[PDB]
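Below: structure_4.txt (compact mmCIF, N, CA, C and O atoms)
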# COMPACT_ATOMS: atom_id res chain seq x y z
N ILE A 297 148.80 75.37 -96.10
CA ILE A 297 148.34 74.60 -97.26
C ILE A 297 147.73 75.49 -98.34
O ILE A 297 147.87 75.21 -99.53
N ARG A 298 147.05 76.57 -97.95
CA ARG A 298 146.34 77.36 -98.95
C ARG A 298 147.29 78.14 -99.84
O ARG A 298 147.12 78.19 -101.07
N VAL A 299 148.30 78.79 -99.25
CA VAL A 299 149.28 79.47 -100.09
C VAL A 299 150.06 78.46 -100.92
O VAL A 299 150.45 78.74 -102.06
N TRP A 300 150.32 77.28 -100.36
CA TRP A 300 150.95 76.24 -101.18
C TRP A 300 150.10 75.95 -102.41
O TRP A 300 150.61 75.85 -103.53
N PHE A 301 148.79 75.86 -102.21
CA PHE A 301 147.88 75.62 -103.32
C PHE A 301 147.95 76.73 -104.36
O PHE A 301 148.03 76.46 -105.56
N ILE A 302 147.88 77.99 -103.92
CA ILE A 302 147.82 79.08 -104.89
C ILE A 302 149.10 79.11 -105.71
O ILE A 302 149.08 79.24 -106.94
N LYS A 303 150.25 78.93 -105.04
CA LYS A 303 151.52 78.92 -105.75
C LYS A 303 151.55 77.78 -106.77
O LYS A 303 151.88 77.99 -107.94
N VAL A 304 151.19 76.57 -106.34
CA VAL A 304 151.29 75.41 -107.22
C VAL A 304 150.37 75.57 -108.42
O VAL A 304 150.75 75.27 -109.56
N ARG A 305 149.15 76.04 -108.19
CA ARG A 305 148.19 76.11 -109.29
C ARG A 305 148.56 77.20 -110.29
O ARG A 305 148.43 77.01 -111.50
N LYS A 306 149.03 78.36 -109.80
CA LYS A 306 149.45 79.39 -110.75
C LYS A 306 150.68 78.93 -111.51
O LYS A 306 150.86 79.27 -112.69
N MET A 307 151.53 78.13 -110.87
CA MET A 307 152.64 77.50 -111.58
C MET A 307 152.13 76.56 -112.67
O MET A 307 152.68 76.53 -113.79
N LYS A 308 151.09 75.78 -112.38
CA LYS A 308 150.50 74.91 -113.39
C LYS A 308 150.03 75.72 -114.59
O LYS A 308 150.27 75.35 -115.74
N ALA A 309 149.34 76.82 -114.32
CA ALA A 309 148.84 77.66 -115.41
C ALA A 309 149.98 78.24 -116.23
O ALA A 309 149.90 78.31 -117.46
N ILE A 310 151.06 78.65 -115.56
CA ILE A 310 152.22 79.19 -116.27
C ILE A 310 152.77 78.14 -117.23
O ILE A 310 153.06 78.43 -118.40
N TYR A 311 152.94 76.91 -116.75
CA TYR A 311 153.49 75.87 -117.60
C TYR A 311 152.55 75.53 -118.75
O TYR A 311 153.00 75.25 -119.87
N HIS A 312 151.25 75.53 -118.49
CA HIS A 312 150.31 75.32 -119.59
C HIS A 312 150.46 76.41 -120.63
O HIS A 312 150.42 76.14 -121.84
N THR A 313 150.65 77.66 -120.19
CA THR A 313 150.86 78.75 -121.14
C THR A 313 152.12 78.51 -121.97
O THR A 313 152.11 78.71 -123.19
N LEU A 314 153.21 78.10 -121.32
CA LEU A 314 154.41 77.75 -122.06
C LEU A 314 154.13 76.64 -123.07
O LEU A 314 154.70 76.63 -124.17
N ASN A 315 153.26 75.70 -122.71
CA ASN A 315 152.93 74.61 -123.62
C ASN A 315 152.33 75.14 -124.91
O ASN A 315 152.59 74.59 -125.99
N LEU A 316 151.53 76.20 -124.82
CA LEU A 316 151.03 76.90 -126.01
C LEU A 316 152.11 77.86 -126.47
O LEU A 316 152.19 79.02 -126.05
N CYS A 317 152.98 77.36 -127.35
CA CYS A 317 154.08 78.16 -127.88
C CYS A 317 154.51 77.56 -129.21
O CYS A 317 153.79 76.74 -129.80
N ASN A 318 155.65 78.02 -129.71
CA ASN A 318 156.26 77.48 -130.93
C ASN A 318 157.76 77.35 -130.71
O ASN A 318 158.47 78.36 -130.67
N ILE A 319 158.24 76.12 -130.58
CA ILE A 319 159.66 75.86 -130.41
C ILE A 319 160.32 75.87 -131.78
O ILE A 319 159.92 75.11 -132.67
N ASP A 320 161.31 76.73 -131.96
CA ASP A 320 162.05 76.75 -133.22
C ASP A 320 162.89 75.48 -133.35
O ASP A 320 163.14 74.76 -132.38
N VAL A 321 163.31 75.21 -134.59
CA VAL A 321 164.10 74.00 -134.84
C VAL A 321 165.44 74.07 -134.11
O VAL A 321 165.90 73.07 -133.55
N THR A 322 166.08 75.24 -134.11
CA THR A 322 167.36 75.42 -133.44
C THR A 322 167.38 76.66 -132.55
O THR A 322 168.05 76.68 -131.51
N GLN A 323 166.67 77.71 -132.96
CA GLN A 323 166.70 78.96 -132.21
C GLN A 323 166.09 78.75 -130.83
O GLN A 323 165.04 78.13 -130.68
N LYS A 324 166.76 79.28 -129.81
CA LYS A 324 166.35 79.08 -128.43
C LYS A 324 165.20 79.99 -128.01
O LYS A 324 164.65 79.80 -126.92
N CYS A 325 164.85 80.97 -128.83
CA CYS A 325 163.69 81.82 -128.60
C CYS A 325 162.42 81.15 -129.10
O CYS A 325 162.45 80.24 -129.93
N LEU A 326 161.30 81.61 -128.57
CA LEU A 326 159.97 81.21 -129.00
C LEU A 326 159.30 82.37 -129.72
O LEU A 326 159.27 83.49 -129.21
N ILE A 327 158.76 82.09 -130.91
CA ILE A 327 158.07 83.08 -131.72
C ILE A 327 156.58 82.86 -131.54
O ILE A 327 156.08 81.75 -131.76
N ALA A 328 155.88 83.91 -131.14
CA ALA A 328 154.44 83.85 -130.90
C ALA A 328 153.69 84.57 -132.01
O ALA A 328 154.23 85.47 -132.67
N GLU A 329 152.45 84.15 -132.22
CA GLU A 329 151.50 84.81 -133.11
C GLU A 329 150.22 84.97 -132.29
O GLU A 329 149.33 84.12 -132.34
N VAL A 330 150.15 86.06 -131.52
CA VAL A 330 149.15 86.21 -130.48
C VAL A 330 148.38 87.51 -130.66
O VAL A 330 148.64 88.28 -131.59
N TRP A 331 147.43 87.76 -129.76
CA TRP A 331 146.64 88.98 -129.76
C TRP A 331 147.15 89.92 -128.68
O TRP A 331 147.94 89.53 -127.81
N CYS A 332 146.70 91.17 -128.74
CA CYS A 332 147.08 92.17 -127.74
C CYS A 332 146.16 93.38 -127.85
O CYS A 332 145.95 93.89 -128.95
N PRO A 333 145.60 93.89 -126.75
CA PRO A 333 144.90 95.17 -126.82
C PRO A 333 145.85 96.30 -127.19
O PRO A 333 147.03 96.27 -126.86
N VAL A 334 145.30 97.31 -127.87
CA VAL A 334 146.13 98.43 -128.30
C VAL A 334 146.16 99.52 -127.23
O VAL A 334 147.20 100.12 -126.98
N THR A 335 145.03 99.76 -126.57
CA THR A 335 144.90 100.94 -125.72
C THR A 335 145.80 100.86 -124.49
O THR A 335 146.25 101.90 -123.99
N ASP A 336 146.06 99.66 -123.98
CA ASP A 336 146.84 99.48 -122.76
C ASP A 336 148.26 99.00 -123.03
O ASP A 336 148.92 98.52 -122.11
N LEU A 337 148.75 99.13 -124.27
CA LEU A 337 150.05 98.57 -124.61
C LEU A 337 151.16 99.14 -123.75
O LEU A 337 152.17 98.46 -123.52
N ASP A 338 151.02 100.38 -123.27
CA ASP A 338 152.03 100.94 -122.39
C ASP A 338 152.16 100.11 -121.12
O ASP A 338 153.27 99.80 -120.68
N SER A 339 151.03 99.72 -120.52
CA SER A 339 151.10 98.85 -119.35
C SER A 339 151.63 97.47 -119.71
O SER A 339 152.28 96.82 -118.88
N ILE A 340 151.39 96.99 -120.94
CA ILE A 340 151.91 95.68 -121.34
C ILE A 340 153.43 95.72 -121.42
O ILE A 340 154.12 94.85 -120.88
N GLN A 341 153.98 96.72 -122.10
CA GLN A 341 155.43 96.83 -122.17
C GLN A 341 156.02 97.17 -120.81
O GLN A 341 157.16 96.81 -120.52
N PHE A 342 155.24 97.84 -119.95
CA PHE A 342 155.68 98.04 -118.57
C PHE A 342 155.79 96.71 -117.84
O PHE A 342 156.72 96.49 -117.06
N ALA A 343 154.84 95.80 -118.06
CA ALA A 343 154.95 94.47 -117.48
C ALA A 343 156.13 93.70 -118.06
O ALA A 343 156.77 92.92 -117.36
N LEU A 344 156.42 93.90 -119.34
CA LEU A 344 157.63 93.32 -119.91
C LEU A 344 158.88 93.87 -119.22
O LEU A 344 159.83 93.13 -118.96
N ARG A 345 158.88 95.17 -118.93
CA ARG A 345 159.98 95.75 -118.16
C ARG A 345 160.05 95.13 -116.76
O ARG A 345 161.14 94.89 -116.24
N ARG A 346 158.89 94.88 -116.15
CA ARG A 346 158.87 94.20 -114.86
C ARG A 346 159.52 92.82 -114.98
O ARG A 346 160.30 92.41 -114.11
N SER B 3 161.87 88.57 -139.98
CA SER B 3 162.48 87.69 -138.98
C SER B 3 162.62 86.28 -139.53
O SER B 3 163.53 85.54 -139.15
N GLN B 4 161.71 85.91 -140.44
CA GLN B 4 161.75 84.58 -141.02
C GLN B 4 163.03 84.37 -141.84
O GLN B 4 163.60 83.28 -141.85
N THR B 5 163.49 85.42 -142.52
CA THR B 5 164.72 85.30 -143.29
C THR B 5 165.92 85.08 -142.37
O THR B 5 166.80 84.26 -142.68
N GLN B 6 165.95 85.76 -141.23
CA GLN B 6 167.11 85.73 -140.35
C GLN B 6 167.36 84.33 -139.80
O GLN B 6 168.52 83.90 -139.67
N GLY B 7 166.28 83.62 -139.47
CA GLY B 7 166.42 82.31 -138.85
C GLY B 7 167.22 81.34 -139.69
O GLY B 7 167.93 80.49 -139.15
N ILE B 8 167.13 81.46 -141.01
CA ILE B 8 167.91 80.57 -141.86
C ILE B 8 169.34 81.09 -142.07
O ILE B 8 170.27 80.29 -142.14
N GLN B 9 169.55 82.41 -142.11
CA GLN B 9 170.92 82.92 -142.21
C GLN B 9 171.77 82.45 -141.03
O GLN B 9 172.79 81.77 -141.20
N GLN B 10 171.35 82.80 -139.81
CA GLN B 10 172.16 82.45 -138.65
C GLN B 10 172.23 80.94 -138.47
O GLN B 10 173.26 80.40 -138.04
N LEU B 11 171.14 80.24 -138.80
CA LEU B 11 171.14 78.78 -138.70
C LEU B 11 172.18 78.18 -139.62
O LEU B 11 172.94 77.28 -139.22
N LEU B 12 172.25 78.65 -140.87
CA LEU B 12 173.24 78.14 -141.81
C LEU B 12 174.65 78.44 -141.31
O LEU B 12 175.54 77.57 -141.39
N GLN B 13 174.87 79.65 -140.80
CA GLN B 13 176.19 80.00 -140.29
C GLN B 13 176.62 79.05 -139.18
O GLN B 13 177.72 78.48 -139.23
N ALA B 14 175.77 78.86 -138.17
CA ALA B 14 176.12 77.99 -137.05
C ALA B 14 176.31 76.55 -137.49
O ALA B 14 177.24 75.87 -137.04
N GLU B 15 175.43 76.06 -138.37
CA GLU B 15 175.54 74.68 -138.84
C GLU B 15 176.87 74.44 -139.53
O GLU B 15 177.59 73.49 -139.22
N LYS B 16 177.20 75.31 -140.49
CA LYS B 16 178.45 75.14 -141.22
C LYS B 16 179.65 75.22 -140.29
O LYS B 16 180.56 74.38 -140.35
N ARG B 17 179.65 76.21 -139.38
CA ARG B 17 180.77 76.34 -138.45
C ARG B 17 180.95 75.09 -137.61
O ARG B 17 182.04 74.50 -137.58
N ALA B 18 179.88 74.64 -136.94
CA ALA B 18 180.01 73.50 -136.03
C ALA B 18 180.39 72.23 -136.78
O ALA B 18 181.26 71.47 -136.32
N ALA B 19 179.76 71.98 -137.93
CA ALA B 19 180.05 70.76 -138.68
C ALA B 19 181.50 70.74 -139.14
O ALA B 19 182.20 69.73 -138.99
N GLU B 20 181.98 71.85 -139.71
CA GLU B 20 183.35 71.86 -140.18
C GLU B 20 184.34 71.82 -139.03
O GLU B 20 185.43 71.29 -139.18
N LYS B 21 183.97 72.35 -137.86
CA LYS B 21 184.85 72.24 -136.70
C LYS B 21 185.00 70.79 -136.26
O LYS B 21 186.11 70.34 -135.96
N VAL B 22 183.89 70.05 -136.21
CA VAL B 22 183.97 68.64 -135.83
C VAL B 22 184.84 67.88 -136.83
O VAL B 22 185.75 67.12 -136.45
N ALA B 23 184.58 68.08 -138.12
CA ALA B 23 185.37 67.39 -139.14
C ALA B 23 186.84 67.80 -139.07
O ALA B 23 187.74 66.97 -139.26
N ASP B 24 187.10 69.08 -138.80
CA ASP B 24 188.46 69.57 -138.70
C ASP B 24 189.20 68.91 -137.55
O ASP B 24 190.36 68.51 -137.70
N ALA B 25 188.57 68.80 -136.38
CA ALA B 25 189.22 68.15 -135.25
C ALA B 25 189.51 66.68 -135.55
O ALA B 25 190.59 66.17 -135.23
N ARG B 26 188.54 65.99 -136.17
CA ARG B 26 188.75 64.59 -136.52
C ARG B 26 189.97 64.44 -137.42
O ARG B 26 190.88 63.65 -137.13
N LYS B 27 190.01 65.20 -138.52
CA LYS B 27 191.14 65.06 -139.43
C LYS B 27 192.43 65.56 -138.81
O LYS B 27 193.51 65.10 -139.18
N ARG B 28 192.35 66.51 -137.88
CA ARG B 28 193.55 67.00 -137.20
C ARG B 28 194.19 65.90 -136.38
O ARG B 28 195.41 65.70 -136.43
N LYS B 29 193.38 65.15 -135.63
CA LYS B 29 193.93 63.99 -134.94
C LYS B 29 194.45 62.97 -135.94
O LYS B 29 195.51 62.35 -135.72
N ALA B 30 193.73 62.77 -137.05
CA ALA B 30 194.14 61.76 -138.02
C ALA B 30 195.51 62.07 -138.61
O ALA B 30 196.33 61.17 -138.79
N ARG B 31 195.77 63.33 -138.94
CA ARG B 31 197.10 63.70 -139.42
C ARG B 31 198.13 63.68 -138.29
O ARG B 31 199.30 63.30 -138.52
N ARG B 32 197.73 64.04 -137.06
CA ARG B 32 198.70 64.12 -135.98
C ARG B 32 199.21 62.73 -135.63
O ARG B 32 200.35 62.60 -135.16
N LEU B 33 198.40 61.70 -135.88
CA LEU B 33 198.86 60.31 -135.73
C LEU B 33 200.24 60.13 -136.35
O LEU B 33 201.26 59.98 -135.66
N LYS B 34 200.30 60.25 -137.68
CA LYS B 34 201.53 59.96 -138.39
C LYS B 34 202.55 61.06 -138.20
O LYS B 34 203.76 60.79 -138.23
N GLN B 35 202.11 62.31 -138.01
CA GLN B 35 203.08 63.39 -137.82
C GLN B 35 203.91 63.15 -136.57
O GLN B 35 205.15 63.21 -136.61
N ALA B 36 203.25 62.84 -135.45
CA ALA B 36 203.98 62.52 -134.23
C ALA B 36 204.83 61.27 -134.43
O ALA B 36 205.98 61.22 -133.96
N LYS B 37 204.29 60.26 -135.12
CA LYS B 37 205.07 59.04 -135.34
C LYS B 37 206.39 59.34 -136.03
O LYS B 37 207.47 58.96 -135.54
N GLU B 38 206.34 60.06 -137.15
CA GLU B 38 207.55 60.27 -137.94
C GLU B 38 208.52 61.23 -137.25
O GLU B 38 209.74 61.01 -137.28
N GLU B 39 208.00 62.28 -136.62
CA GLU B 39 208.89 63.19 -135.91
C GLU B 39 209.61 62.48 -134.77
O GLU B 39 210.82 62.66 -134.56
N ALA B 40 208.88 61.65 -134.02
CA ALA B 40 209.50 60.90 -132.94
C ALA B 40 210.55 59.94 -133.47
O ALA B 40 211.61 59.78 -132.87
N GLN B 41 210.27 59.29 -134.61
CA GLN B 41 211.25 58.39 -135.20
C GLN B 41 212.54 59.13 -135.55
O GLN B 41 213.64 58.67 -135.23
N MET B 42 212.42 60.28 -136.22
CA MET B 42 213.61 61.02 -136.61
C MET B 42 214.38 61.51 -135.39
O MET B 42 215.62 61.40 -135.35
N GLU B 43 213.68 62.03 -134.39
CA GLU B 43 214.36 62.51 -133.19
C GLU B 43 215.07 61.36 -132.47
O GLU B 43 216.19 61.52 -131.97
N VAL B 44 214.42 60.19 -132.41
CA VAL B 44 215.07 59.04 -131.81
C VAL B 44 216.36 58.72 -132.55
O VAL B 44 217.41 58.62 -131.93
N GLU B 45 216.30 58.60 -133.88
CA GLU B 45 217.49 58.25 -134.65
C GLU B 45 218.63 59.24 -134.41
O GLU B 45 219.80 58.86 -134.28
N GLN B 46 218.30 60.54 -134.34
CA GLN B 46 219.32 61.52 -134.01
C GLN B 46 219.93 61.23 -132.65
O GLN B 46 221.15 61.28 -132.48
N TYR B 47 219.09 60.91 -131.66
CA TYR B 47 219.62 60.58 -130.35
C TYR B 47 220.49 59.32 -130.41
O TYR B 47 221.45 59.19 -129.65
N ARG B 48 220.16 58.40 -131.32
CA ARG B 48 220.98 57.19 -131.46
C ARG B 48 222.38 57.54 -131.90
O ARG B 48 223.37 57.03 -131.36
N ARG B 49 222.48 58.39 -132.93
CA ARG B 49 223.81 58.81 -133.38
C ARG B 49 224.53 59.59 -132.29
O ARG B 49 225.75 59.48 -132.13
N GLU B 50 223.78 60.38 -131.51
CA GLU B 50 224.39 61.11 -130.41
C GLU B 50 224.98 60.16 -129.38
O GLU B 50 226.08 60.40 -128.85
N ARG B 51 224.28 59.06 -129.08
CA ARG B 51 224.80 58.12 -128.10
C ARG B 51 225.93 57.27 -128.69
O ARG B 51 226.81 56.82 -127.96
N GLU B 52 225.92 57.05 -130.01
CA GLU B 52 227.11 56.49 -130.65
C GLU B 52 228.33 57.37 -130.40
O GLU B 52 229.41 56.87 -130.05
N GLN B 53 228.19 58.68 -130.60
CA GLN B 53 229.31 59.58 -130.36
C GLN B 53 229.72 59.57 -128.89
O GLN B 53 230.92 59.58 -128.56
N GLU B 54 228.74 59.56 -127.99
CA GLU B 54 229.05 59.46 -126.56
C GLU B 54 229.81 58.17 -126.27
O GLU B 54 230.72 58.16 -125.44
N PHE B 55 229.44 57.08 -126.95
CA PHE B 55 230.14 55.81 -126.74
C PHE B 55 231.56 55.89 -127.26
O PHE B 55 232.47 55.26 -126.71
N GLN B 56 231.78 56.64 -128.34
CA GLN B 56 233.15 56.86 -128.80
C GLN B 56 233.96 57.62 -127.75
O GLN B 56 235.14 57.30 -127.50
N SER B 57 233.36 58.62 -127.12
CA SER B 57 234.06 59.33 -126.05
C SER B 57 234.38 58.38 -124.89
O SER B 57 235.49 58.41 -124.34
N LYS B 58 233.41 57.54 -124.53
CA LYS B 58 233.65 56.55 -123.49
C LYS B 58 234.74 55.58 -123.90
O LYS B 58 235.49 55.09 -123.04
N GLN B 59 234.86 55.28 -125.19
CA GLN B 59 235.96 54.43 -125.66
C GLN B 59 237.30 55.13 -125.50
O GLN B 59 238.31 54.49 -125.18

As structure tokens, what does this structure read like?
Amino acid sequence: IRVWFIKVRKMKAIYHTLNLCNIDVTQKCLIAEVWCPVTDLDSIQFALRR
Amino acid sequence: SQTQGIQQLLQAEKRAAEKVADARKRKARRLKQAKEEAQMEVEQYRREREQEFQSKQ
């Protein structure tokens, strides 16, 4: 039950994050206007590679 | 990036809309085109069977 909980709740958070987005009128991509630290950007793009 | 969204959007919109209209009118013309071609081919076959009937005579 506990791992079921952790999976379900992190899934909830993921979907909430998707809810905070911008759906284009036709384009299937989402355009964000967000923040980002500068010093760790290499690890951020590494996570994008992940 | 803001400029691009309207370029590609306009391209896709025009393409899809004119394709739908093109298919509609293509069927609309094919209606009578098939009708008249079939009529002419039938009449030719009629004369052919007249000639066959002359041979049978």

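Counting from CA of residue 11 in chain B, the distance to CA of residue 320 in chain A is 10.8 Å.
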
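For the pair atom O of residue 331 in chain A and CA of residue 343 in chain A, the interatomic distance is 13.4 Å.
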
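Neighbours of residue 317 in chain A closer than or equal to 8 Å, with all atoms listed in the file counted and sequence neighbours fewer than 2 positions away skipped, come out as residues 311, 312, 313, 314, 315, 319, 320, 326, 327, 328 and 329 of chain A.
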
Written selection (N, CA, C and O atoms) as a JSON list (two decimals), keeping the file's coordinate frame:
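Writing the result to selection-v7.json gives the following:
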[["chain", "number", "residue", "atom", "x", "y", "z"],
["A", 311, "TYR", "N", 152.94, 76.91, -116.75],
["A", 311, "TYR", "CA", 153.49, 75.87, -117.60],
["A", 311, "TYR", "C", 152.55, 75.53, -118.75],
["A", 311, "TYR", "O", 153.00, 75.25, -119.87],
["A", 312, "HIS", "N", 151.25, 75.53, -118.49],
["A", 312, "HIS", "CA", 150.31, 75.32, -119.59],
["A", 312, "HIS", "C", 150.46, 76.41, -120.63],
["A", 312, "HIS", "O", 150.42, 76.14, -121.84],
["A", 313, "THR", "N", 150.65, 77.66, -120.19],
["A", 313, "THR", "CA", 150.86, 78.75, -121.14],
["A", 313, "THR", "C", 152.12, 78.51, -121.97],
["A", 313, "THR", "O", 152.11, 78.71, -123.19],
["A", 314, "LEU", "N", 153.21, 78.10, -121.32],
["A", 314, "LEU", "CA", 154.41, 77.75, -122.06],
["A", 314, "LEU", "C", 154.13, 76.64, -123.07],
["A", 314, "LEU", "O", 154.70, 76.63, -124.17],
["A", 315, "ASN", "N", 153.26, 75.70, -122.71],
["A", 315, "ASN", "CA", 152.93, 74.61, -123.62],
["A", 315, "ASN", "C", 152.33, 75.14, -124.91],
["A", 315, "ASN", "O", 152.59, 74.59, -125.99],
["A", 319, "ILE", "N", 158.24, 76.12, -130.58],
["A", 319, "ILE", "CA", 159.66, 75.86, -130.41],
["A", 319, "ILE", "C", 160.32, 75.87, -131.78],
["A", 319, "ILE", "O", 159.92, 75.11, -132.67],
["A", 320, "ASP", "N", 161.31, 76.73, -131.96],
["A", 320, "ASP", "CA", 162.05, 76.75, -133.22],
["A", 320, "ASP", "C", 162.89, 75.48, -133.35],
["A", 320, "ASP", "O", 163.14, 74.76, -132.38],
["A", 326, "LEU", "N", 161.30, 81.61, -128.57],
["A", 326, "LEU", "CA", 159.97, 81.21, -129.00],
["A", 326, "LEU", "C", 159.30, 82.37, -129.72],
["A", 326, "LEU", "O", 159.27, 83.49, -129.21],
["A", 327, "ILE", "N", 158.76, 82.09, -130.91],
["A", 327, "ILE", "CA", 158.07, 83.08, -131.72],
["A", 327, "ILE", "C", 156.58, 82.86, -131.54],
["A", 327, "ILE", "O", 156.08, 81.75, -131.76],
["A", 328, "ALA", "N", 155.88, 83.91, -131.14],
["A", 328, "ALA", "CA", 154.44, 83.85, -130.90],
["A", 328, "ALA", "C", 153.69, 84.57, -132.01],
["A", 328, "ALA", "O", 154.23, 85.47, -132.67],
["A", 329, "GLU", "N", 152.45, 84.15, -132.22],
["A", 329, "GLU", "CA", 151.50, 84.81, -133.11],
["A", 329, "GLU", "C", 150.22, 84.97, -132.29],
["A", 329, "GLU", "O", 149.33, 84.12, -132.34]]

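The gap separating CA of residue 18 in chain B from CA of residue 36 in chain B is 26.4 Å, in Å to one decimal.
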
Quick check for you: according to DSSP on this backbone, which residues of chain A are classed as helix (DSSP H, G or I)? Reply as a PyMOL selection string.
chain A and resi 298-315+337-345

Just want the 10 Å neighbourhood of residue 7 in chain B, counted on only C-alpha atoms, with same-chain residues fewer than 3 positions away dropped. Output as a ChimeraX atom specification.
/A:320-323 /B:3-4,10-12
